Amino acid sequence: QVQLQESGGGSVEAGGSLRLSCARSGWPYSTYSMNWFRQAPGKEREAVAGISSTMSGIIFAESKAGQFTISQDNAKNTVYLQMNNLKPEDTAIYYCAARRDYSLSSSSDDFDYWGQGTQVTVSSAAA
């Protein structure tokens, strides 16, 4: 059985940082790509970042150079989403997703395996 186990979310102040982790276990294939998706309140689920067994990580979502960084630890079968300079509009449920195809895809329909979803809430600054 495939499991994608997420960790590392929660509440953060505007401007803060978080690193999400997704540990892949039970993977039956010699290849993969892994994505982080997110679903913000009232919005459709959208791709944030992708990485694969052959390609370095890319960020799909318009952000700013350094807002998101995706990486992986191959020995630990774990993919990471480093988030910096977080803003209220980064509040969302973040999802890990996996598929056999090692190209990079932003389409949720291409992914047959999903993590449980991790809430990230970015509070606002006083004004």
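Heads up: residue numbers just count along the shown sequence, starting at 1.
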{"property": "Of 41 to 49 and 79 to 87, the stretch whose C-alpha atoms average the higher B-factor in the entry", "result": "41 to 49"}
{"property": "Of 32 to 40 and 61 to 69, the one with larger mean CA B-factor", "result": "61 to 69"}
{"property": "Among modelled residues of the same chain, the CA temperature factor third for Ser17", "result": "lowest"}
{"property": "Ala92 by Cα B-factor - lowest, middle or highest third of the modelled chain", "result": "middle"}
